[PDB]
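Cβ coordinates were reconstructed from backbone atoms using ideal geometry, including for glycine residues, and neighbour counts include every protein chain displayed. Since every read-out is calculated from the coordinates, none of them should be taken as a lab result.
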Amino acid sequence: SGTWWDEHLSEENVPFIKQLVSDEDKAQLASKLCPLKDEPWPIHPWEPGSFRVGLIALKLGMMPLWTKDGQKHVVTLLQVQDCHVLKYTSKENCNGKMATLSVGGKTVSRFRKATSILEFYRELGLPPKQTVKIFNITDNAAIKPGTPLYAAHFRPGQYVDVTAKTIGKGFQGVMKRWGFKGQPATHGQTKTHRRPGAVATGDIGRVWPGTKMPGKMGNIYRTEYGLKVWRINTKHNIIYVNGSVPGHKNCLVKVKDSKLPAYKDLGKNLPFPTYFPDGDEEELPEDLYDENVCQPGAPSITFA
Amino acid sequence: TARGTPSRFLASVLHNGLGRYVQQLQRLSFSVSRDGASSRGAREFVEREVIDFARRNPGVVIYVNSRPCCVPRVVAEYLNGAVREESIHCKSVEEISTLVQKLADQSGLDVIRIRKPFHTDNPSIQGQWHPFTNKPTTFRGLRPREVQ
Amino acid sequence: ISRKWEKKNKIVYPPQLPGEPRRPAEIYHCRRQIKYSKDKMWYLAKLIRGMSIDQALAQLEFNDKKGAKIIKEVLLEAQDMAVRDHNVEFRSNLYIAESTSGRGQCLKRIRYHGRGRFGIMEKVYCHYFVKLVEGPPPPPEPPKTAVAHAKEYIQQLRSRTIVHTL
Amino acid sequence: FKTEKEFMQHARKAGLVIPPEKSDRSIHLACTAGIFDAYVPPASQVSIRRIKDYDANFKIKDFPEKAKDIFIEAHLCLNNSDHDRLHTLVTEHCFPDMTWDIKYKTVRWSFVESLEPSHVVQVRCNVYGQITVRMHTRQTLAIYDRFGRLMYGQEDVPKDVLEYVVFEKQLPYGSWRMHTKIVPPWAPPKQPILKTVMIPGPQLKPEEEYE
Amino acid sequence: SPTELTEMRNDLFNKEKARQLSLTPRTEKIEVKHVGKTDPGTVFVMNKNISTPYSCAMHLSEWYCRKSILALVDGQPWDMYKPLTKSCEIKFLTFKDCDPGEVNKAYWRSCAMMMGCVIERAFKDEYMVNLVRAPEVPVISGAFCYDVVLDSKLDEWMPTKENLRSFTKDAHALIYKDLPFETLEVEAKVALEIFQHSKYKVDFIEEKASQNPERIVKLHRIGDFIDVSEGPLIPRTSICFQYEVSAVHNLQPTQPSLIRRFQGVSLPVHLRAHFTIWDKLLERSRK
Amino acid sequence: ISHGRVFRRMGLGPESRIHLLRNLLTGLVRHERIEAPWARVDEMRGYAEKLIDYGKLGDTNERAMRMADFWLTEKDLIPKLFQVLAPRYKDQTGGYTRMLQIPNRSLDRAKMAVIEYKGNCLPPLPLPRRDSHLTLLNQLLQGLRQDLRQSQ
Amino acid sequence: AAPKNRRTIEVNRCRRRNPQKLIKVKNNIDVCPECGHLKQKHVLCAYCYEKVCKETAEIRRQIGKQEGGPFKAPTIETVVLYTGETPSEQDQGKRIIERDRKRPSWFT
RNA sequence: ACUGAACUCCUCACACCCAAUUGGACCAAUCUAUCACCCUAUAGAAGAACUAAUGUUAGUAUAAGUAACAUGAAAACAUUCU
Ligand SMILES: [Mg+2]
Ligand SMILES: [Mg+2]
Ligand SMILES: [Mg+2]
Ligand SMILES: [Mg+2]
Ligand SMILES: [Mg+2]
Ligand SMILES: [Mg+2]
Ligand SMILES: [Mg+2]
Ligand SMILES: [Mg+2]
Ligand SMILES: [Mg+2]
Ligand SMILES: [Mg+2]
Ligand SMILES: [Mg+2]
Ligand SMILES: [Mg+2]
Ligand SMILES: [Mg+2]
Ligand SMILES: [Mg+2]
Ligand SMILES: [Mg+2]
Ligand SMILES: [Mg+2]
Ligand SMILES: [Zn+2]
């Protein structure tokens, strides 16, 4: 007989266990707010060739943004909700080309996780995260596991790859999935309006692999590349990414610095391990803007 | 065929040749009808040849039953409990002398397939091959890419 | 028609000795000409083939299929004749050792198709066979570990012979 | 069904009309529905002559000997399930009352020597003789299962049995056979049984409650 | 030797079972009415000193075997594997009843006795472990206690975490063995025959025999281990699902010898908890 | 693809599904307890609680009289909706109906369900109780609460 | 389109005996504490709900007797009372459905 | 140089690899004559032998538990509603 946590509790204990476990969740999250008052791993400066951490954010939704040339740039909002570094493995024990950080996002109930996973976060000192994503990273960027990661890890002007699971569309047919033209409506056309036509040729007595057929469209990891950060909102930990992000609203995206060969040496001015508000040097404003971004509160712009 | 039929190894009963040879055939059981053309050459075998056969090997005890049978049989029973029942139905006297002598000569092993044509129980005398025959040892028992 | 399964509750054994373990009872009960098919009865018959009778009654009170109620009738009837006729002291102390289902004598009806052509429907009947055995249910077979596979592979390596020679 | 009246009322409701047909052959019974006068344990010489005028050679001073030999031999036929002998030894009113429930189970009843001289008790009387006999014996039972495992009484230990065995005779070819066996309400209970019994209470419909 | 203590004590336990069963009047048969809320009014016409309440459950269903844990035999708590005595009325008591007070108490006592069964077979051969008692600790206190006296060598000893983890591994190993609890209502004299080599349990049986108008003392057994208790117990070791030996404390008025009290907490197969709720019940059971 | 489509398509159209929910809602305003298949039960639960929320607008509100005139196919139930059901529930703001599952229908094996209105004269359903507070685990957690009240 | 050959019983047994076609052993099943008939979790006990259904059936029959004809739904709340029970001080101004049996142990 | 056949040798045994066709030796079961008598013998006869005719009749498979099929709703099963 499989059980669950709400099963054997009376009405007296259910709000007690809800409020109590939620209170240890908020206390364990708020205990990580002093990473530099702990003993962190030593902070190295940036080097040409080094890679750093990403984030895991929520896709809040979209909103328009206008540059000082008076142009709409549609902007996705990505809220960084309780992102943390979970484990560091070097390239020795990873046996890849590069080191790796497991980084997790969006705290989730402790009653819906496997006991091995709850031993992992019980050792770590955190409530369990929904997603763990793994970042290839060099030895220069290696923060202690358990350190909070904020939105000012990225700065405006930076170009960013964002990956996610796209919106699942289920078993879709040929025209919606692969964009095939289908058949005419009238002029005969008995039972073909949305069907694939031929598949292969008669001499090939089989169908080639990778043939476009109906099947489950969506619900897979894709990555959008080279997306400019226009604005970060420090108080609510929002990234204002250009354009469109894969995935539905309130989905968790994996936000890392862009791999594009035109944007591979602009980390000279970015905070290289991560941004530390514990470091207390020149505390950031409410909201960081790119040079082009027409701020609200600025007067109505003139092109003269 | 051989995959539908069982098989066995070539053996004897109690090391049948080593010390002495023991006749492996205990009992013959003839059942021969008095009036009937099926057991005619059986009757002529009892009148002529079963007495001289019974004297040529006294370790076999023979039971001629002489009941109204409709097919005559001979039932050879062997020292190991094996019982081979073969029919002497409409067979001449010479063919029953070769048949009964065939049952006398053999043993109570099965007439299923024999796998090997031979049976040593001590096949190797100079010591069987293992992969370290025909390999010289090295000094201090060292293996390749071993320094000390 | 053969009806050999009703006879199997009639086999009387000679009385035992003091130096002999207690024999578990065996209870053969079946129903004939159930209007249901023989391979929709295979899933319900297969479901309960090692469970105890209280567990099987629990699994058949809550299954949506038609045969579950009929098999629960057979199991309740065999529990009652288990206690009365067959000297089984505890009702709970019974497991289903065999639960099969043969086919019954079916009927043949005419199914009309789209032209003068037609087909031959069968009104499908089945049976349902049960041997209950007194005792705790046997434990499920544990899956063999890497110790068992390792000993089996090494036992095959120890088994082998130089072949096609002396 | 449960009785004749339910089959007759379902014969009227179903419409199956069974006309009562008359046949010249009736059933030649050889028994009685029980006892003519039930002897109650803690003058009937007219019935003795009512036996001697049909039988003409009958001695009661020799009868409880034969009553023993009719008794024990009949129970010996339970050791072997010799029903062919039993219908010569026992009546038809007694034969299901002693052979039905013993089906599919081996009994190993065994007599050992009596404790009292068995004796006649009363005699009553188309004509059905009837002799009740008092016996006080020592018997051993061992009733097994289909599976040959003991469920009533050890085989070795003898028990002492009170027996009010009622005999009946058809009075041209019949003999004395065990008709019934009076069990009195003052008698002690029998042996206890090796196993335990659950006895269910009232099976409740949902609208019903238990009181 | 402790192996000799198992041989001699278990043989005295078997002499008490032999002189306990051989006074039966050759299978006398007493009936017991199932007084309960459900399946009401079924008499069990059962054997006198052979049948248990578990046999009544085996007449009803496998559900009443697996789920039911104590039996109110005429208003008193009774073990499911205790032999009955006379005509009576049986309730069956589970953990999920409306007022499961005696079931919680019997689970408490059973877990303490399993704990002492782990402690006495925990140490190496050169350390004398000497179990005194289990105090009747309420369930709200969060942990069943078991007072233990050790040797003077370990007067300055305190176990690590992995010692307690080895105690839990031995206790879960004792759960996996699936051992029933043999029970015997014995007079005081044979209980003093069994526990004559432990002065604390001699005084404990002297406490229990004088409490009653008879000299009657309950005795229990798991497997090769005999212990005294105050009330009934669980039917089996298989019911304890979660089990942890949480901590060890030392008592404060220890002038003669350390009465070193061990702490445990456990939940059945029926009242399981989640991993986080169970870790918090471990954080509470170390006091 | 039906992301965010929140209405069960039923019946033989949108019109006939609103007549199905209108007949079920009429039957539950009348009898105050209904066995029905489960999807129709929770669809009609969504309509039933809003129907009381129009019941609280008052007898005199002509919009709510048009609504209750639509949704109640029997006309006697409209004084029951404005004088019985709406004063019964004026204390609370939501949670008017309760739903439980029946064992499945013996005809076709459909997922059945009951919704009743809370607080009526009918024999109350065998509601699923929590485990009582005196069980072993609830007393361990009661001990944990009695400690963590003593930490202030 | 027609099958080119006939599927065999070894292939068919591999199809219709895999665990995707077999019936799952379910573990939702409990014992109802009020009745002891084994119920299922998340679903009411059929025996206890059959009690409630039969009593609501007799109550609605007496409702149908005391109203009389269709379209007689009262503007008045209802109270079911059993034999040997006074209508409450709270039941003033409510219609009364007198029953014939006793108050159940489970009606309150 | 070795490998390499159903060729050839070797130990024993030999009537024992072609279509259509043709020659010959035997022979299952059945019945008849006469023996026989847990199933046979010598003859005589004949509706005298089926892995194949989109063969016929019956059984049961496969396709397949598939295609298809069927009950408006609540309720006191009085009734009402759509
Ligand atoms: Mg078209
Ligand atoms: Mg066309
Ligand atoms: Mg068919
Ligand atoms: Mg539909
Ligand atoms: Mg060669
Ligand atoms: Mg050649
Ligand atoms: Mg040749
Ligand atoms: Mg012939
Ligand atoms: Mg022909
Ligand atoms: Mg054929
Ligand atoms: Mg051919
Ligand atoms: Mg053919
Ligand atoms: Mg099929
Ligand atoms: Mg179907
Ligand atoms: Mg198909
Ligand atoms: Mg279909
Ligand atoms: Zn219930």
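A few comments on the model shown:
- Across the alpha-carbon atoms of the range B:9-57, the computed radius of gyration and Dmax are 16.1, 47 angstrom.
- Just so you know, the Rg over Rh for the range F:75-152 is 1.19, from Cα atoms, with Rh as the Kirkwood radius.
- Total formal charge among the other residues, if their Cβ is under 11 angstrom from that of D:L150, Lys/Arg +1 and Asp/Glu -1: +3
- Spin-label proximity, A:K72 to the range A:233-272 - amide N less than 15 Å from point 7 Å beyond Cα toward beta carbon: A:243-244
- Over the range F:10-120: Rg over Rh, Cα atoms, Kirkwood Rh: 0.98
- Relative counts (whole %) of C-alpha pair distances in the range A:225-299, using bins that are 10 Å wide: 13, 43, 36, 7
- Relative contact order %, chain C, counting alpha carbon pairs below 8 Å whose residues are six or more apart: 29 percent
- Histogram of C-alpha separations across chain G, 5 Å bin width, %: 2, 8, 12, 12, 10, 9, 8, 7, 5, 5, 5, 5, 4, 4, 2, 1, 0
- Compactness index (Cα Rg / 2.2 N^0.38 Å), chain A: 1.25
- Within chain B, the longest segment free of exposed loop sites, counting chymotrypsin sites (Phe, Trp or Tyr not before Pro) that fall outside DSSP classes H, G, I, E and B and have at most 16 other Cβ atoms within 10 Å, spans B:22-117.
- What the Cα atoms of the range E:1-145 give is an Rg and a Dmax of 18.6, 57 Å.
- Taken as Cα centroids, the range F:90-115 and the range A:149-187 sit 41 Å apart, rounded to the nearest whole angstrom.
- Overall shape: prolate for the range E:112-234, with the ratio a/c of the largest to smallest alpha carbon gyration tensor axis at 1.5 or above and a/b above b/c.
- Footprinting exposure proxy for E:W78, E:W278 (fewest neighbouring C-beta atoms within 10 Å first): E:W278, E:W78
- Label-point gap, in nm, between A:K191 and E:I140 - each point 7 angstrom along Cα→Cβ: 7.5 nm
- Alpha carbon Rg of the range D:4-182, scaled by the compact-globule rule 2.2 N^0.38 Å: 1.27
- Alpha-carbon centroid distance for the pair the range D:47-119 / the range E:53-125, whole angstrom: 54 Å
- Cα gyration tensor of the range E:20-98 - equivalent ellipsoid semi-axes, whole Å, descending: 22, 12, 11
- Note: the range D:50-98, Cα convex hull, 95 Å³ per residue.
- Taking the alpha carbon gyration tensor of the range C:1-68, multiplying each eigenvalue by 5 and rooting it gives semi-axes of 31, 18, 8 Å, largest first.
- Computed from the Cα positions only, the extents of the range F:59-103 along the three principal axes stand at 39, 26, 16 Å, in decreasing order.
- If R0 equals 56 Å, the separation of the Cβ atoms of B:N122 and B:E85 corresponds to a calculated FRET efficiency of about 0.90.
- With the convex hull of the Cα atoms taken as the outline of the range D:110-200, the averaged projected area works out to 9.8 nm².
- Pairwise Cα distances in chain C exceed 20 Å in 65 percent of cases.
- Across peptide C:43-51, the mean count of Cβ atoms from other chains lying within 10 Å of each residue's own Cβ comes to 2.
- When each of E:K189/E:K218; F:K50/F:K118; E:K96/E:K177; C:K46/F:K111 is checked by Cα-Cα distance, pairs over 18 Å: E:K96/E:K177; C:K46/F:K111
- Cleavage-rule hits (trypsin sites (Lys or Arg not before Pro)) in the range A:222-259: DSSP loop, at most 15 neighbouring Cβ within 10 angstrom: A:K235, A:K249, A:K259
- With the convex hull drawn over the C-alpha atoms of chain E, the volume per residue is 141 Å³.
- Cut-off 20 Å (backbone N to label point 7 Å along Cα→Cβ of C:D64), residues of the range F:84-125: F:100-115
- Relative contact order %, the range F:10-120, counting alpha carbon pairs below 8 Å whose residues are six or more apart: 34 percent
- Rel. contact order, % - alpha carbon contacts under 8 angstrom, at least six apart, chain B: 31 percent
- Residues of type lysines that A:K97 reaches as a straight line, Cα spacing below 30 Å, ignoring anything fewer than 8 places off in the same chain: A:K87, A:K106, A:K129, A:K133, A:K144, A:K165, A:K228, A:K254, A:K256, A:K259, A:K264, A:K268
- Cα point-scatterer Debye curve for the range E:211-278, base-10 log of I(q)/I(0) at q = 0.17, 0.19, 0.25, 0.26 Å⁻¹: -0.95, -1.04, -1.11, -1.13
- Using only Cα coordinates, the Kirkwood hydrodynamic radius of the range C:54-117 works out to 14.8 Å.
- Pairs of C-alpha atoms in the range B:15-125 farther apart than 20 Å represent 46 percent of all such pairs.
- Plainly put, the range A:86-176 has a radius of gyration that is 1.06 times its Kirkwood radius, both from alpha-carbon atoms, as the Rg/Rh ratio.
- Ellipsoid equivalent to the protein assembly as shown - semi-axes via the Cα gyration tensor, in Å: 73, 53, 45
- Euclidean distance between Cα centres, the range E:130-173 to the range C:103-166, Å: 53 Å
- FRET efficiency estimate (nearest 0.05) - Cβ-Cβ, E:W157 to E:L23, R0 41 angstrom: 0.25
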